[PDB]
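> Provided herewith is a single structure, encoded as structure tokens, for subsequent inquiry.
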Amino acid sequence: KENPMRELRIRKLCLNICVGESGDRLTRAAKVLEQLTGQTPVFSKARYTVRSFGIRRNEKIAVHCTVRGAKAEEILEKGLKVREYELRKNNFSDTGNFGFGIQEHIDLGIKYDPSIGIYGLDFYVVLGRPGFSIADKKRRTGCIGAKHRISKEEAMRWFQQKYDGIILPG
Amino acid sequence: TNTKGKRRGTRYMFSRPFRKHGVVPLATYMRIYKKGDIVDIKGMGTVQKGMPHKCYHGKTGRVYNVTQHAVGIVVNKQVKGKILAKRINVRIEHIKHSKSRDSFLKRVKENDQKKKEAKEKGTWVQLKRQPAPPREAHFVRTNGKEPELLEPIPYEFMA
Amino acid sequence: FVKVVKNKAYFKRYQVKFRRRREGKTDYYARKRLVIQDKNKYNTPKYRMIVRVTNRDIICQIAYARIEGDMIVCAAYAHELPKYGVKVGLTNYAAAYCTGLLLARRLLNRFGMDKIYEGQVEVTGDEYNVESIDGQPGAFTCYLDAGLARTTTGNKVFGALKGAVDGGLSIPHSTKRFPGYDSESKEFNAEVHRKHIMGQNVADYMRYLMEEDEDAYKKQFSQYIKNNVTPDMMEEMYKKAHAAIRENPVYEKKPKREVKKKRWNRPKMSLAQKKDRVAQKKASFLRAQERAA
RNA sequence: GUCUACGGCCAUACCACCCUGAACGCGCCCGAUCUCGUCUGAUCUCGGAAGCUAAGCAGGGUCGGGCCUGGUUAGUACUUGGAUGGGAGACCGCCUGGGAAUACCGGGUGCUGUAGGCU
RNA sequence: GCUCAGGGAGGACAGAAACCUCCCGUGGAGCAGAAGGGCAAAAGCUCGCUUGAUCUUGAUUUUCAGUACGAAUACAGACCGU
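Residue numbers (the authors' numbering), protein chains in the order written: chain J, 8 to 177; chain T, 2 to 160; chain D, 3 to 295.
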């Protein structure tokens, strides 16, 4: 049968917000994550000056927050409640860790304030399995095993068996 | 004329060998050397401080002083003027070995052992290296087969 | 499509590193700077003390550099403590201190310096350097070798180091990476360090879990309840363990069991067997294709 | 026969696939209550064993690749010294010593010092 | 404490290009400059505080007539930094 040391589970949920604007929009996007999670998120800066987008070197644009624990499960439950248990083929990656972006945050359940504005985000679900400390530990790093790797078809059939969500083609 | 320089024309001399880049073994570092040992110099690319000059590659010398990092050696430089037994300071990495002195010491020890041996017998022992003589006459055996009469081959065009 | 990364030119020109470097255990850049030795010392054996941290055992070896290999002259382990009578507290600061003190007293008893440098019996935590007492010759000294571990404020490696210093191994160190030392206010607190030595912070939280809930307490200490040692017994247990260290520091080797002499390894396959395998495959494939088609 | 820790020589040791593993032994893992630094025990550190050899690790094959080593290439290319040697030049041979590198085809997939254990 | 050039799979605004992690990655990036050698738990990247770019005597090397000048080498003695 199946070993209980091979039970697939969710590791984390990446939640990035890139509005493409610095100043007021950035802090009003950070206040949404402050009201949702209740912790300080990690900002990010630009690469170089581009005249097309209108950004310069060393200027904060986007902000992310890797949510772990039961809070990531509750925010992913909000995301499934918004997306009514359906996904697409292009949202799944070939490795297995998969993301999908939303437009507005009023469908989650958060009350909309007129001064803040609409801020959506990407639910980048990172799944896992017991035994991924050798991949990032201090002593040794190496391969973890071909049967231990998680595949795209296995992740899709696990999602369909567990969460009962259909996967439409296209 | 020509350009003066310490590291000039040393693209292949002080460069690292094939598949010997980066990781340096720890054999030469932890071992020691006594005073007055036969040491010849081979260059190295990973060492930047205390390098030998490009005109001291493959020169045999002996150690006169032993410091912590850079030990001294009396190398026999043959400059255009004359031969000088000069003193330079080279770090541990540019130090090789030589089995000729070891074989010479083992040969002297074996000759002393054979000299102490058979003293009560009183027999003469060939100690010196007698050079290669011509061969001794011997009988060439043959049976059954005969030497084949070989003949040359005609010319054919190569290309 | 894209170009294949694993090319045959890359297989030919790919240089491999050392075996321990590929395994990722030996740090050569730090190890060389630890094993530096002056060339005017003329074969002076540099002794060093190596700490390794397993999940349960604490390995404390003593090595010295040789050209064939650094031979281990002595080694202390934590699983030999129930032989002396240490049932509970297998891997903590007190077990690391007792392992270091036992290794130090065994080392001085093997070199023959047991009566000189009796050591700190009543452990307090105050600093006491190892100074050379005249009359007797020079005492043993060595150097520290922590390994692949970040030395933060408070560690069992520094506890074994303090045990070796109290036993009589003069190793130079500072009082910064010790437990009880505050990071901001920066004062070494001997009374707080005595709490880390004796283990009041463990026993108070054991009493707190005993007041709170039994399930998490049993899950945290499953066989520690089975060994039946109260937290009031925890303070006197290490006091008896110190006397057990002072009684018999030397260790006697185990009698080995007779080997049944069987090869558990799979034997190496020869050229004739490999040729027979590929010949049976090439003979079976053609007749199977003829039988199927 | 075999494991762990400390190691030397550094691909016969390297990358992938497949199969099997009694005992010791190394690890997966549960949490943050303290020292510890981070959004978060994700990293380090600390407190431990509910479970497991699944993964990790050990061993062996791939008409596997790479690597090491012999034949082949081949007395072939080249090269020290010499000549009323030739040839209009270009270039080549002789006396004499030495002596290659590919492509291609055969064999193999680590030795190993000390300490601590299993049988 | 970590790893870069460059590339694969994607995501409402967002495309060839703003941001994120999943998979590798002998160096094809970077190490101040033209160039050469060399560099992967580093000599690249980021951090804590520092100034050994401190002082006093020699010997030796590179061109050299074994003559200067500049540069470099570990030694002799104290004193600082993490």
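All C-beta atoms, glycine included, are put in the ideal place defined by N, C-alpha and C.
Does the CB of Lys159(J) have a neighbour CB from chain D at under 8 angstroms?
no
> With a CB to CB cut of under 6 angstroms and the five nearest residues on each side skipped, what residues in its chain are close to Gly156(D)?
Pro181
> Going by the CB atoms, is the gap between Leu22(J) and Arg95(J) shorter than 8 angstroms?
no
> Kindly indicate if chain T contains any beta-carbon less than 8 angstroms away from that of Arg23(D).
yes
> For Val126(T), I'd like the list of residues in its chain whose CB is within less than 6 angstroms of its CB, leaving aside the five on either flank, ordered along the chain.
The answer, listed in chain order, is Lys115.
> Between the region 95 to 110 of chain J and chain D, which residues of the former have a C-beta closer than 9 angstroms to a C-beta of the latter?
none
> Just checking: is the beta-carbon of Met31(T) within a distance shorter than 8 angstroms of some beta-carbon in chain D?
yes
> Give me the residue from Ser158(J), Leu40(J) and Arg13(J) with the minimum Cα distance to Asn104(J).
Taking only the C-alpha atoms, the option nearest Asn104(J) is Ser158(J).
> According to DSSP, is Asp147(D) helix, strand or coil?
strand
> Express the C-alpha separation of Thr177(D) and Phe190(D) in angstroms, rounding to a whole number.
7 angstroms
> What are the boundary residues of the alpha helix (DSSP H) that includes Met115(D)?
First-last for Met115(D): undefined, no H or E at that position.
> Does chain D have any CB closer than 8 angstroms to the CB of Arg20(T)?
yes
> Nearest CA to the CA of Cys144(D): which residue from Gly169(D), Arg152(D) and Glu124(D)?
Answer by Cα proximity: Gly169(D).
> Buried or exposed for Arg108(D), please, with buried defined as at least 16 other CB atoms from any protein chain shown within 10 angstroms of its CB.
By the neighbour-count rule (16 or more Cβ atoms within 10 Å), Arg108(D) is buried.
> Got a sec, what are the start and stop residues for the beta strand (DSSP E) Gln131(T) sits in?
Taken as a continuous stretch (DSSP letters only), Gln131(T) belongs to no beta strand (DSSP E), as it is neither H nor E.
> Closest by CA to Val26(J), which one among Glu41(J), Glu9(J), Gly135(J) and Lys52(J)?
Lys52(J)
> Going by alpha carbons, who is nearest to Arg136(J) out of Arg16(J), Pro11(J) and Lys8(J)?
Nearest C-alpha to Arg136(J): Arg16(J).
> Checking contacts by CB at 8 angstroms: is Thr143(T) closer than that to chain D?
no
> Leaving out the 5 sequence neighbours to the left and right, which residues in its chain are closer than 8 angstroms to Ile68(J) when beta-carbon positions are compared?
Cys25, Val26, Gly27, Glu28, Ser29, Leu33, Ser51, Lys52, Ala53 and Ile62
> Mind pulling the chain D residues with CB within less than 8 angstroms of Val24(T)?
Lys19, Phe20, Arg23 and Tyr30
> I need the straight-line Cα distance from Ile42(T) to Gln17(D), nearest angstrom please.
26 angstroms
> Using 10 angstroms around the beta-carbon of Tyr219(D), count the other beta-carbons present and answer buried if the total reaches 16, otherwise exposed.
buried
> Whose CA, out of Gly149(D), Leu92(D) and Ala162(D), lies closest to the CA of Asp29(D)?
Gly149(D)
> Please go through the region 19 to 105 of chain J and give each complete beta strand (DSSP E) segment of 3 or more residues, from N-terminal end onward.
If we require 3 residues or more, the beta strand (DSSP E) runs fully inside the region 19 to 105 of chain J come out as 49 to 52, 67 to 74 and 93 to 95.
> Taking the alpha carbon of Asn111(D) as the point to measure from, which residue in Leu171(D), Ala11(D), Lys255(D) and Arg68(D) has its own alpha carbon closest?
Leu171(D)
> Taking C-beta pairs closer than 7 angstroms, name the residues in chain D that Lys145(J) reaches, listed in chain order.
Simply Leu150.
> What did DSSP end up calling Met51(D) once you bin it into helix, strand or coil?
Here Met51(D) sits in strand by DSSP.
> Cα-Cα, which of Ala160(T), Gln69(T) and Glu149(T) is closest to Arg32(T)?
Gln69(T)
> For the pair the region 83 to 95 of chain T and the region 55 to 67 of chain D, tell me if three or more CB-CB distances fall below 8 angstroms.
no
> DSSP state of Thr61(T), grouped into three classes?
strand
> Is there a C-beta anywhere in chain D that falls below 8 angstroms from the one on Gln69(T)?
yes
> What residues are listed by DSSP as bridge partners for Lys87(T)?
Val76(T)
> List, in chain order, every chain J residue whose beta-carbon is nearer than 9 angstroms to that of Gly26(D).
Residues of chain J passing the Cβ test: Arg146, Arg147, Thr148 and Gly149.
> Label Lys164(D) either buried or exposed according to how many other C-beta atoms from any shown protein chain fall within 10 Å of its C-beta, with 16 as the threshold for buried.
buried
> Identify every residue that forms a DSSP beta bridge with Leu175(J).
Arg95(J)
> Going by the CB atoms, is the gap between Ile74(T) and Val40(T) shorter than 8 angstroms?
Inclusion of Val40(T) and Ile74(T) in the CB contact set at 8 angstroms is warranted, their separation being smaller than that value.
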